[PDB]
């Protein structure tokens, strides 16, 4: 018997390299087919009508908002935008499986999590416009949302940096005996970053109650997954770090819900990380800065399920399409009319307390504007 401290194994007397199983990878967990029918009753979560309607309406309201804000960006009303097309089911299905106080860390394409948590349309709009109502004070680019009240950590552009951070927050939760889980969303491209390796390893060695949720949509901007990795996606990486892993059909809200619900239950109970790789497809452009032509939908699937239960119909669909549009436009129009925040806000929150040298720079700007103000858009900014 081998006595090496680094591994637990038996000896082998023949040379055999271990081959990866990529052609026949980890299977994709699916609850309902493309016609919205439950394939295996034992897997039905039997979520109540009100809950399933919330999943549907959250997904569709987000799609409505995306269409409007994407257009707003094309018109130059907002400086940037990133849509969530084809991925709405991964957001709402997973959010619905969490407790509303579970802390969320994301990448930038998980707005459905906030929508499900009832983040006001006014606040999504305020951040995109950088107006006075933005709790982010107009400092970050559009779609860089955050909400302390709804336990959603402010998004940041550097990819994967939130991964080891989510792990630290999960360790702190464990210590606090909170009975809370941390969920951390990222794309398959971000998974290539060194910080993903850091986070996955730390969560396992430090025994953290965290769910790693990977959105595998087939592309990282123009890069197909064939140029991103050569192993069996991201799910296959989990076991090597000692992390319980699973792959699910991201276009199936129920499969996503089921996997997230089980991962949460066990993560909290056992203080152990879980990895969920949700397979989808990035239907829209990577962003408003991208023209995807240069290189099975979650909403329709759930709609067919709803019809099958007698829970929706063409008339209700039409009325909701109308109401959602009115709601988004109302918030949109309000957001556009609001002034931007006071330019003085460019200097606060750098440190908790403003250093004297920083206040001197703030005063410098004030004096500058007193003399050269006509050359600045002062009329569009507060005070």
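C-alpha atoms forming the largest set that superposes within 1.5 Å between two forms make up the rigid core. Residue numbers count along the first chain shown, from 1.
**More variable segment, 23-31 or 61-69 [Cα RMS over structures in 6 other deposited structures of this protein, core-superposed]** = With the rigid core fitted, 23-31 is the stretch that strays more in 6 other deposited structures of this protein.
**Asked** How about residue 294: is it missing in a third or more of the other compared entries?
**Response** Yes, residue 294 lacks coordinates in at least a third of the other entries compared.
**Prompt:** Across the other PDB entries of this protein that were compared, is residue 77 absent from at least a third?
**Reply:** Residue 77: modelled in all of the comparison entries.
**Request:** Answer with none, 1 to 3, 4 to 9, or 10 or more: how many deposited residues between residue 295 and residue 296 are not present in the coordinates.
**Result:** 10 or more residues lack coordinates between residue 295 and residue 296.
**Prompt:** Of the two stretches 212-220 and 273-281, which shows the higher Cα B-factor on average in the entry?
**Reply:** On average, C-alpha B-factors are higher across 273-281.
**Asked** Comparing 32-40 with 351-359, which stretch shows the greater average C-alpha B-factor in the deposited entry?
**Response** Looking at the record's C-alpha B-factors, the answer is 32-40.
**Asked** Highest CA temperature factor in the entry: which of 67, 57, 46, 340?
**Response** Reading the PDB entry, the winner on C-alpha B-factor is 46.
**Asked** Mind checking which third residue 299 falls in for C-alpha B-factor across the chain?
**Response** Ranked within chain, residue 299 CA B lands in the middle tercile.
**Request:** Could you say whether, by C-alpha temperature factor, residue 151 belongs to the lowest, middle or highest third of its chain?
**Result:** Bottom third by C-alpha B-factor.
**Request:** Could you tell me which third, lowest, middle or highest, the C-alpha B-factor of residue 256 occupies within its chain?
**Result:** As the PDB entry reports it, the C-alpha B-factor of residue 256 lands in the lowest third of its chain.
**Record-listed C-alpha B factor of residue 139: chain third** = Its C-alpha B-factor belongs to the lowest third of this chain's values.
**Request:** Ordered by C-alpha B-factor within the chain, which third holds residue 197? Give me lowest, middle or highest, please.
**Result:** Answer is lowest: the recorded C-alpha B-factor places it there.
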